[PDB]
$ cat entry_6.pdb   # PDB, C-alpha atoms
ATOM      1  CA  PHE A  13      90.412  39.625  37.076  1.00  0.00           C
ATOM      2  CA  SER A  14      93.048  41.822  35.381  1.00  0.00           C
ATOM      3  CA  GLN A  15      95.238  40.543  38.260  1.00  0.00           C
ATOM      4  CA  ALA A  16      96.644  37.904  35.841  1.00  0.00           C
ATOM      5  CA  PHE A  17     100.278  37.968  37.087  1.00  0.00           C
ATOM      6  CA  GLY A  18      99.867  34.195  36.612  1.00  0.00           C
ATOM      7  CA  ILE A  19      97.538  33.459  39.554  1.00  0.00           C
ATOM      8  CA  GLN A  20      94.643  30.947  39.641  1.00  0.00           C
ATOM      9  CA  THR A  21      92.838  29.534  36.579  1.00  0.00           C
ATOM     10  CA  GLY A  22      89.723  28.104  38.254  1.00  0.00           C
ATOM     11  CA  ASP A  23      88.391  25.242  40.426  1.00  0.00           C
ATOM     12  CA  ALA A  24      88.802  22.256  38.030  1.00  0.00           C
ATOM     13  CA  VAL A  25      86.520  20.459  40.509  1.00  0.00           C
ATOM     14  CA  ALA A  26      83.927  23.073  39.595  1.00  0.00           C
ATOM     15  CA  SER A  27      84.846  22.834  35.908  1.00  0.00           C
ATOM     16  CA  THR A  28      84.319  19.058  35.929  1.00  0.00           C
ATOM     17  CA  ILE A  29      80.992  19.373  37.717  1.00  0.00           C
ATOM     18  CA  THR A  30      79.930  21.849  35.056  1.00  0.00           C
ATOM     19  CA  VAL A  31      81.038  19.813  32.059  1.00  0.00           C
ATOM     20  CA  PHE A  32      79.489  16.763  33.691  1.00  0.00           C
ATOM     21  CA  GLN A  33      76.096  18.403  34.198  1.00  0.00           C
ATOM     22  CA  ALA A  34      76.138  19.568  30.567  1.00  0.00           C
ATOM     23  CA  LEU A  35      76.018  15.905  29.491  1.00  0.00           C
ATOM     24  CA  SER A  36      73.061  13.854  28.328  1.00  0.00           C
ATOM     25  CA  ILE A  37      71.350  11.626  30.891  1.00  0.00           C
ATOM     26  CA  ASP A  38      72.905   8.415  29.498  1.00  0.00           C
ATOM     27  CA  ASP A  39      76.357   9.970  29.385  1.00  0.00           C
ATOM     28  CA  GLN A  40      75.907  11.064  33.007  1.00  0.00           C
ATOM     29  CA  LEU A  41      74.744   7.601  34.021  1.00  0.00           C
ATOM     30  CA  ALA A  42      77.625   6.047  32.086  1.00  0.00           C
ATOM     31  CA  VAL A  43      80.284   8.410  33.478  1.00  0.00           C
ATOM     32  CA  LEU A  44      78.930   7.850  36.960  1.00  0.00           C
ATOM     33  CA  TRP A  45      79.352   4.114  37.171  1.00  0.00           C
ATOM     34  CA  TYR A  46      82.739   4.110  35.480  1.00  0.00           C
ATOM     35  CA  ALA A  47      83.856   6.576  38.184  1.00  0.00           C
ATOM     36  CA  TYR A  48      82.116   4.595  40.935  1.00  0.00           C
ATOM     37  CA  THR A  49      83.237   1.139  39.823  1.00  0.00           C
ATOM     38  CA  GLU A  50      86.751   2.526  40.010  1.00  0.00           C
ATOM     39  CA  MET A  51      86.499   4.532  43.257  1.00  0.00           C
ATOM     40  CA  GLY A  52      85.071   1.377  44.744  1.00  0.00           C
ATOM     41  CA  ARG A  53      84.931   1.576  48.537  1.00  0.00           C
ATOM     42  CA  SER A  54      87.167   4.631  48.894  1.00  0.00           C
ATOM     43  CA  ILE A  55      84.335   7.198  48.594  1.00  0.00           C
ATOM     44  CA  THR A  56      82.490   6.328  51.857  1.00  0.00           C
ATOM     45  CA  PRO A  57      83.712   4.062  54.754  1.00  0.00           C
ATOM     46  CA  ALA A  58      84.196   0.425  53.610  1.00  0.00           C
ATOM     47  CA  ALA A  68      69.482   3.480  51.394  1.00  0.00           C
ATOM     48  CA  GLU A  69      69.807  -0.258  51.722  1.00  0.00           C
ATOM     49  CA  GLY A  70      66.067  -0.584  50.897  1.00  0.00           C
ATOM     50  CA  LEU A  71      65.907   1.873  48.004  1.00  0.00           C
ATOM     51  CA  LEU A  72      68.552  -0.384  46.520  1.00  0.00           C
ATOM     52  CA  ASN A  73      66.307  -3.396  46.872  1.00  0.00           C
ATOM     53  CA  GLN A  74      63.473  -1.647  45.056  1.00  0.00           C
ATOM     54  CA  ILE A  75      65.786  -0.833  42.152  1.00  0.00           C
ATOM     55  CA  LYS A  76      67.585  -4.183  42.322  1.00  0.00           C
ATOM     56  CA  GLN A  77      64.260  -5.970  41.758  1.00  0.00           C
ATOM     57  CA  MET A  78      63.004  -3.800  38.852  1.00  0.00           C
ATOM     58  CA  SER A  79      62.671  -4.911  35.243  1.00  0.00           C
ATOM     59  CA  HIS A  80      65.737  -3.625  33.428  1.00  0.00           C
ATOM     60  CA  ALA A  81      63.695  -1.018  31.562  1.00  0.00           C
ATOM     61  CA  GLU A  82      62.221   0.230  34.838  1.00  0.00           C
ATOM     62  CA  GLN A  83      65.766   0.509  36.193  1.00  0.00           C
ATOM     63  CA  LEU A  84      66.588   2.638  33.147  1.00  0.00           C
ATOM     64  CA  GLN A  85      63.471   4.649  33.917  1.00  0.00           C
ATOM     65  CA  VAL A  86      64.513   5.424  37.488  1.00  0.00           C
ATOM     66  CA  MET A  87      68.172   6.043  36.733  1.00  0.00           C
ATOM     67  CA  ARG A  88      67.203   8.561  34.049  1.00  0.00           C
ATOM     68  CA  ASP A  89      64.747  10.026  36.577  1.00  0.00           C
ATOM     69  CA  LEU A  90      67.506  10.562  39.160  1.00  0.00           C
ATOM     70  CA  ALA A  91      69.812  12.296  36.683  1.00  0.00           C
ATOM     71  CA  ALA A  92      66.978  14.396  35.273  1.00  0.00           C
ATOM     72  CA  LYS A  93      65.875  15.368  38.827  1.00  0.00           C
ATOM     73  CA  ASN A  94      62.368  14.183  37.912  1.00  0.00           C
ATOM     74  CA  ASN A  95      59.950  14.231  40.891  1.00  0.00           C
ATOM     75  CA  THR A  96      59.242  10.475  41.001  1.00  0.00           C
ATOM     76  CA  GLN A  97      58.863   8.231  44.050  1.00  0.00           C
ATOM     77  CA  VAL A  98      62.436   6.920  43.600  1.00  0.00           C
ATOM     78  CA  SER A  99      63.901  10.411  43.188  1.00  0.00           C
ATOM     79  CA  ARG A 100      62.228  11.481  46.436  1.00  0.00           C
ATOM     80  CA  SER A 101      63.271   8.355  48.306  1.00  0.00           C
ATOM     81  CA  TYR A 102      66.780   8.989  46.993  1.00  0.00           C
ATOM     82  CA  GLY A 103      66.715  12.728  47.559  1.00  0.00           C
ATOM     83  CA  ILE A 104      65.682  12.205  51.188  1.00  0.00           C
ATOM     84  CA  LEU A 105      68.996  10.439  51.952  1.00  0.00           C
ATOM     85  CA  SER A 106      71.923  12.256  53.553  1.00  0.00           C
ATOM     86  CA  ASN A 107      74.533  13.210  50.949  1.00  0.00           C
ATOM     87  CA  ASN A 108      77.000  10.781  52.568  1.00  0.00           C
ATOM     88  CA  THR A 109      74.395   8.039  52.240  1.00  0.00           C
ATOM     89  CA  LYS A 110      74.082   8.957  48.574  1.00  0.00           C
ATOM     90  CA  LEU A 111      77.771   7.975  48.499  1.00  0.00           C
ATOM     91  CA  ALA A 112      77.225   4.504  49.923  1.00  0.00           C
ATOM     92  CA  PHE A 113      74.103   4.095  47.783  1.00  0.00           C
ATOM     93  CA  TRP A 114      75.962   4.870  44.571  1.00  0.00           C
ATOM     94  CA  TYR A 115      78.801   2.552  45.578  1.00  0.00           C
ATOM     95  CA  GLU A 116      76.442  -0.399  45.997  1.00  0.00           C
ATOM     96  CA  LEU A 117      74.516   0.680  42.895  1.00  0.00           C
ATOM     97  CA  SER A 118      77.785   0.457  40.985  1.00  0.00           C
ATOM     98  CA  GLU A 119      78.384  -3.051  42.339  1.00  0.00           C
ATOM     99  CA  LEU A 120      74.889  -4.165  41.276  1.00  0.00           C
ATOM    100  CA  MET A 121      75.479  -2.580  37.889  1.00  0.00           C
ATOM    101  CA  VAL A 122      78.830  -4.269  37.603  1.00  0.00           C
ATOM    102  CA  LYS A 123      77.548  -7.721  38.696  1.00  0.00           C
ATOM    103  CA  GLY A 124      74.694  -7.315  36.197  1.00  0.00           C
ATOM    104  CA  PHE A 125      71.682  -6.868  38.497  1.00  0.00           C
ATOM    105  CA  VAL A 126      71.137  -3.236  37.443  1.00  0.00           C
ATOM    106  CA  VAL A 127      71.334  -1.608  34.026  1.00  0.00           C
ATOM    107  CA  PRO A 128      72.275   2.100  33.721  1.00  0.00           C
ATOM    108  CA  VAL A 129      72.019   3.383  30.065  1.00  0.00           C
ATOM    109  CA  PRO A 130      70.457   1.387  27.129  1.00  0.00           C
ATOM    110  CA  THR A 131      71.614  -1.896  25.692  1.00  0.00           C
ATOM    111  CA  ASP A 132      73.163  -0.142  22.663  1.00  0.00           C
ATOM    112  CA  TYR A 133      74.911   2.662  24.551  1.00  0.00           C
ATOM    113  CA  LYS A 134      78.370   3.984  23.708  1.00  0.00           C
ATOM    114  CA  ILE A 135      79.893   6.903  25.599  1.00  0.00           C
ATOM    115  CA  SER A 136      80.157   9.901  23.313  1.00  0.00           C
ATOM    116  CA  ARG A 137      83.289  11.890  22.520  1.00  0.00           C
ATOM    117  CA  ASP A 138      81.869  14.503  24.906  1.00  0.00           C
ATOM    118  CA  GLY A 139      81.185  11.824  27.516  1.00  0.00           C
ATOM    119  CA  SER A 140      84.652  10.365  27.028  1.00  0.00           C
ATOM    120  CA  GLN A 141      85.978  13.903  27.421  1.00  0.00           C
ATOM    121  CA  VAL A 142      84.508  14.482  30.895  1.00  0.00           C
ATOM    122  CA  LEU A 143      85.322  10.940  32.052  1.00  0.00           C
ATOM    123  CA  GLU A 144      88.985  11.635  31.279  1.00  0.00           C
ATOM    124  CA  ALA A 145      88.949  15.072  32.941  1.00  0.00           C
ATOM    125  CA  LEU A 146      87.516  13.384  36.034  1.00  0.00           C
ATOM    126  CA  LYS A 147      89.930  10.419  35.940  1.00  0.00           C
ATOM    127  CA  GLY A 148      92.966  12.758  35.955  1.00  0.00           C
ATOM    128  CA  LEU A 149      91.838  14.817  38.923  1.00  0.00           C
ATOM    129  CA  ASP A 150      93.550  13.977  42.188  1.00  0.00           C
ATOM    130  CA  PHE A 151      91.980  11.353  44.452  1.00  0.00           C
ATOM    131  CA  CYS A 152      90.375  13.860  46.783  1.00  0.00           C
ATOM    132  CA  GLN A 153      89.056  15.935  43.862  1.00  0.00           C
ATOM    133  CA  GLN A 154      87.297  12.961  42.255  1.00  0.00           C
ATOM    134  CA  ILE A 155      85.554  12.310  45.578  1.00  0.00           C
ATOM    135  CA  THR A 156      84.369  15.922  45.654  1.00  0.00           C
ATOM    136  CA  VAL A 157      83.183  15.859  42.038  1.00  0.00           C
ATOM    137  CA  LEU A 158      81.361  12.577  42.607  1.00  0.00           C
ATOM    138  CA  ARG A 159      79.852  13.698  45.903  1.00  0.00           C
ATOM    139  CA  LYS A 160      78.484  16.925  44.467  1.00  0.00           C
ATOM    140  CA  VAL A 161      77.172  15.639  41.115  1.00  0.00           C
ATOM    141  CA  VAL A 162      75.218  12.821  42.816  1.00  0.00           C
ATOM    142  CA  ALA A 163      73.943  14.987  45.664  1.00  0.00           C
ATOM    143  CA  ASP A 164      71.888  17.142  43.251  1.00  0.00           C
ATOM    144  CA  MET A 165      70.285  13.985  41.834  1.00  0.00           C
ATOM    145  CA  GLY A 166      66.661  13.100  42.407  1.00  0.00           C
ATOM    146  CA  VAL A 167      64.548  15.489  44.473  1.00  0.00           C
ATOM    147  CA  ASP A 168      64.618  16.503  48.183  1.00  0.00           C
ATOM    148  CA  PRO A 169      60.969  16.383  49.435  1.00  0.00           C
ATOM    149  CA  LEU A 170      62.276  17.886  52.719  1.00  0.00           C
ATOM    150  CA  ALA A 171      63.800  20.733  50.634  1.00  0.00           C
TER     151      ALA A 171
END
$ encode --input "entry_6.pdb" --output "C-alpha coordinates"
Amino acid sequence: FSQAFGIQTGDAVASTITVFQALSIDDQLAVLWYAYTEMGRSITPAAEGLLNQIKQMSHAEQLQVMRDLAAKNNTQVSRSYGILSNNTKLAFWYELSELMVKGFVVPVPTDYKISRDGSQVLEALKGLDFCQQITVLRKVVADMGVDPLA
(Lines of atoms letter the chains of each structure in order from A and count residues from 1; the text may use other names and numbers.)
(Lines give C-alpha, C1' and ligand atoms only; values in the text may rest on other atoms or scores of the structure.)
Protein backbone atom coordinates (compact mmCIF):
# COMPACT_ATOMS: atom_id res chain seq x y z
CA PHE A 1 0.00 0.00 0.00
CA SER A 2 1.16 3.57 -0.72
CA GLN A 3 0.71 3.95 3.07
CA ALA A 4 4.50 3.35 3.44
CA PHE A 5 5.12 5.86 6.29
CA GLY A 6 7.33 2.98 7.51
CA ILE A 7 4.60 0.52 8.57
CA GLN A 8 4.66 -3.30 8.20
CA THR A 9 6.87 -5.25 5.76
CA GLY A 10 5.10 -8.63 5.84
CA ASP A 11 4.51 -11.79 7.93
CA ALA A 12 8.04 -13.34 7.93
CA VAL A 13 6.24 -16.46 9.19
CA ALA A 14 4.37 -16.39 5.89
CA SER A 15 7.56 -15.53 4.00
CA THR A 16 9.37 -18.53 5.49
CA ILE A 17 6.48 -20.86 4.71
CA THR A 18 6.61 -19.62 1.13
CA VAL A 19 10.35 -19.95 0.66
CA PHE A 20 10.16 -23.34 2.35
CA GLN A 21 7.45 -24.66 0.03
CA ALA A 22 9.46 -23.45 -2.98
CA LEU A 23 12.18 -25.98 -2.06
CA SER A 24 12.86 -29.39 -3.54
CA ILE A 25 11.48 -32.42 -1.69
CA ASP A 26 14.90 -33.41 -0.27
CA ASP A 27 15.61 -29.86 0.85
CA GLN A 28 12.21 -29.78 2.56
CA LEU A 29 12.86 -33.12 4.23
CA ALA A 30 16.33 -31.96 5.25
CA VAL A 31 15.18 -28.57 6.57
CA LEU A 32 12.39 -30.27 8.46
CA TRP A 33 14.44 -32.60 10.60
CA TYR A 34 17.12 -30.02 11.34
CA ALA A 35 14.30 -27.78 12.65
CA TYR A 36 12.64 -30.68 14.49
CA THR A 37 15.80 -32.17 15.98
CA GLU A 38 16.42 -28.73 17.42
CA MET A 39 12.88 -27.84 18.55
CA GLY A 40 12.90 -31.20 20.26
CA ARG A 41 9.99 -31.55 22.67
CA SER A 42 9.03 -27.87 22.73
CA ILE A 43 6.65 -28.06 19.74
CA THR A 44 3.97 -30.31 21.35
CA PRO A 45 3.62 -31.31 25.07
CA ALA A 46 6.63 -33.38 26.27
CA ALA A 47 0.27 -41.49 15.11
CA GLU A 48 2.20 -43.89 17.27
CA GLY A 49 1.37 -46.69 14.77
CA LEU A 50 2.06 -44.80 11.55
CA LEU A 51 5.49 -44.35 13.08
CA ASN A 52 5.91 -48.08 13.48
CA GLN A 53 5.06 -48.69 9.84
CA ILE A 54 7.71 -46.18 8.76
CA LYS A 55 10.17 -47.26 11.45
CA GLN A 56 10.13 -50.81 10.05
CA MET A 57 10.51 -49.89 6.35
CA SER A 58 13.58 -50.54 4.22
CA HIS A 59 15.51 -47.28 4.08
CA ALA A 60 14.57 -46.73 0.44
CA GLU A 61 10.89 -47.24 1.27
CA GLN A 62 11.28 -44.66 4.04
CA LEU A 63 12.68 -42.29 1.42
CA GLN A 64 9.70 -43.18 -0.74
CA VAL A 65 7.15 -42.26 1.92
CA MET A 66 8.92 -39.15 3.15
CA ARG A 67 9.08 -37.82 -0.41
CA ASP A 68 5.41 -38.80 -0.74
CA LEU A 69 4.43 -36.72 2.31
CA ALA A 70 6.27 -33.63 1.09
CA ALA A 71 4.94 -34.04 -2.44
CA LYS A 72 1.37 -34.50 -1.09
CA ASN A 73 1.17 -37.73 -3.11
CA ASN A 74 -2.04 -39.71 -2.45
CA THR A 75 -0.39 -42.84 -1.00
CA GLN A 76 -1.54 -44.98 1.93
CA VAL A 77 1.03 -43.31 4.23
CA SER A 78 0.06 -39.80 3.12
CA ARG A 79 -3.59 -40.57 3.91
CA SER A 80 -2.80 -42.20 7.24
CA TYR A 81 -0.69 -39.13 8.00
CA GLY A 82 -3.15 -36.63 6.59
CA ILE A 83 -5.93 -38.09 8.74
CA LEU A 84 -4.11 -37.04 11.94
CA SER A 85 -5.00 -33.86 13.82
CA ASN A 86 -2.51 -31.08 13.05
CA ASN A 87 -1.31 -31.18 16.67
CA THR A 88 -0.70 -34.91 16.28
CA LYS A 89 1.32 -34.12 13.17
CA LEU A 90 3.48 -32.18 15.64
CA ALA A 91 4.10 -35.12 17.94
CA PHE A 92 4.53 -37.41 14.93
CA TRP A 93 7.23 -35.23 13.41
CA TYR A 94 8.97 -34.92 16.77
CA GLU A 95 9.26 -38.70 17.13
CA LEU A 96 10.09 -39.00 13.43
CA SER A 97 12.99 -36.64 14.05
CA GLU A 98 14.17 -38.79 16.96
CA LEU A 99 14.05 -41.95 14.81
CA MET A 100 15.89 -40.08 12.08
CA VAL A 101 18.45 -38.85 14.55
CA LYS A 102 18.98 -42.27 16.20
CA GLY A 103 19.35 -43.77 12.71
CA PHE A 104 16.15 -45.83 12.39
CA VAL A 105 14.71 -43.58 9.66
CA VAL A 106 16.38 -41.96 6.67
CA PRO A 107 15.00 -38.68 5.24
CA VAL A 108 16.83 -37.60 1.99
CA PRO A 109 19.37 -39.80 0.05
CA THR A 110 22.68 -41.12 1.26
CA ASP A 111 24.59 -38.49 -0.77
CA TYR A 112 22.45 -35.49 0.18
CA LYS A 113 23.83 -32.02 0.91
CA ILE A 114 21.53 -29.10 1.68
CA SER A 115 21.67 -26.59 -1.14
CA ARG A 116 22.51 -22.90 -0.87
CA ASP A 117 18.76 -22.33 -1.27
CA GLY A 118 18.03 -24.95 1.40
CA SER A 119 20.66 -23.45 3.68
CA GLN A 120 19.02 -20.09 3.03
CA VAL A 121 15.57 -21.08 4.31
CA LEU A 122 17.00 -23.08 7.22
CA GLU A 123 18.75 -19.92 8.41
CA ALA A 124 15.67 -17.72 7.91
CA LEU A 125 13.74 -20.22 10.02
CA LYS A 126 16.44 -20.56 12.70
CA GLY A 127 16.47 -16.78 13.30
CA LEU A 128 12.72 -16.45 13.73
CA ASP A 129 11.55 -16.15 17.31
CA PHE A 130 10.66 -19.32 19.22
CA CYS A 131 6.93 -18.95 18.74
CA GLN A 132 7.35 -18.14 15.03
CA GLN A 133 9.37 -21.30 14.35
CA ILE A 134 6.58 -23.33 15.95
CA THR A 135 4.06 -21.67 13.64
CA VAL A 136 6.20 -22.19 10.54
CA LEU A 137 6.78 -25.82 11.45
CA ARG A 138 3.15 -26.45 12.34
CA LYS A 139 1.85 -25.03 9.07
CA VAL A 140 4.41 -26.52 6.66
CA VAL A 141 3.87 -30.04 8.05
CA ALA A 142 0.09 -29.73 8.27
CA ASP A 143 -0.21 -29.44 4.46
CA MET A 144 1.84 -32.64 4.08
CA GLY A 145 0.35 -35.89 2.87
CA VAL A 146 -3.34 -35.93 1.98
CA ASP A 147 -6.55 -35.55 4.07
CA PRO A 148 -8.95 -38.35 2.95
CA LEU A 149 -11.58 -36.71 5.21
CA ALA A 150 -10.96 -33.44 3.30
$ resolve_selection --input "entry_6.pdb" --expression "the PyMOL selection byres ((chain A and resi 127-142) around 12)" --output "PyMOL selection string"
chain A and resi 24-25+27-47+75-91+114+117-126+143-149+154+157
$ atom_distance --input "entry_6.pdb" --atom1 "atom CA of residue 150 of chain A" --atom2 "atom CA of residue 165 of chain A"
23.3 Å
$ atom_distance --input "entry_6.pdb" --atom1 "atom CA of residue 51 of chain A" --atom2 "atom CA of residue 103 of chain A"
21.8 Å
$ atom_distance --input "entry_6.pdb" --atom1 "atom CA of residue 100 of chain A" --atom2 "atom CA of residue 167 of chain A"
5.0 Å
$ closest_residue --input "entry_6.pdb" --among "A:168, A:152, A:115, A:13" --to "residue 52 of chain A" --atoms "only C-alpha atoms"
A:115
$ resolve_selection --input "entry_6.pdb" --expression "the PyMOL selection byres ((chain A and resi 104-113) around 9)" --output "ChimeraX atom specification"
/A:53,55-58,68-69,71-72,99-103,114-118,158-160,162-163,166-171
$ write_last_selection --input "entry_6.pdb" --atoms "C-alpha atoms" --output "PDB file, in the frame of the given file"
ATOM      1  CA  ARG A  53      84.931   1.576  48.537  1.00  0.00           C
ATOM      2  CA  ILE A  55      84.335   7.198  48.594  1.00  0.00           C
ATOM      3  CA  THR A  56      82.490   6.328  51.857  1.00  0.00           C
ATOM      4  CA  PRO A  57      83.712   4.062  54.754  1.00  0.00           C
ATOM      5  CA  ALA A  58      84.196   0.425  53.610  1.00  0.00           C
ATOM      6  CA  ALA A  68      69.482   3.480  51.394  1.00  0.00           C
ATOM      7  CA  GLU A  69      69.807  -0.258  51.722  1.00  0.00           C
ATOM      8  CA  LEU A  71      65.907   1.873  48.004  1.00  0.00           C
ATOM      9  CA  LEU A  72      68.552  -0.384  46.520  1.00  0.00           C
ATOM     10  CA  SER A  99      63.901  10.411  43.188  1.00  0.00           C
ATOM     11  CA  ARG A 100      62.228  11.481  46.436  1.00  0.00           C
ATOM     12  CA  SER A 101      63.271   8.355  48.306  1.00  0.00           C
ATOM     13  CA  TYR A 102      66.780   8.989  46.993  1.00  0.00           C
ATOM     14  CA  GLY A 103      66.715  12.728  47.559  1.00  0.00           C
ATOM     15  CA  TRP A 114      75.962   4.870  44.571  1.00  0.00           C
ATOM     16  CA  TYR A 115      78.801   2.552  45.578  1.00  0.00           C
ATOM     17  CA  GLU A 116      76.442  -0.399  45.997  1.00  0.00           C
ATOM     18  CA  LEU A 117      74.516   0.680  42.895  1.00  0.00           C
ATOM     19  CA  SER A 118      77.785   0.457  40.985  1.00  0.00           C
ATOM     20  CA  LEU A 158      81.361  12.577  42.607  1.00  0.00           C
ATOM     21  CA  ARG A 159      79.852  13.698  45.903  1.00  0.00           C
ATOM     22  CA  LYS A 160      78.484  16.925  44.467  1.00  0.00           C
ATOM     23  CA  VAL A 162      75.218  12.821  42.816  1.00  0.00           C
ATOM     24  CA  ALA A 163      73.943  14.987  45.664  1.00  0.00           C
ATOM     25  CA  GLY A 166      66.661  13.100  42.407  1.00  0.00           C
ATOM     26  CA  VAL A 167      64.548  15.489  44.473  1.00  0.00           C
ATOM     27  CA  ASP A 168      64.618  16.503  48.183  1.00  0.00           C
ATOM     28  CA  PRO A 169      60.969  16.383  49.435  1.00  0.00           C
ATOM     29  CA  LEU A 170      62.276  17.886  52.719  1.00  0.00           C
ATOM     30  CA  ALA A 171      63.800  20.733  50.634  1.00  0.00           C
TER      31      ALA A 171
END
$ axis_aligned_box --input "entry_6.pdb" --around "segment 93-98 of chain A" --padding-each-side "5 Å" --output "JSON"
{"center_x": 62.4, "center_y": 11.1, "center_z": 41.0, "size_x": 17.0, "size_y": 18.4, "size_z": 16.1}
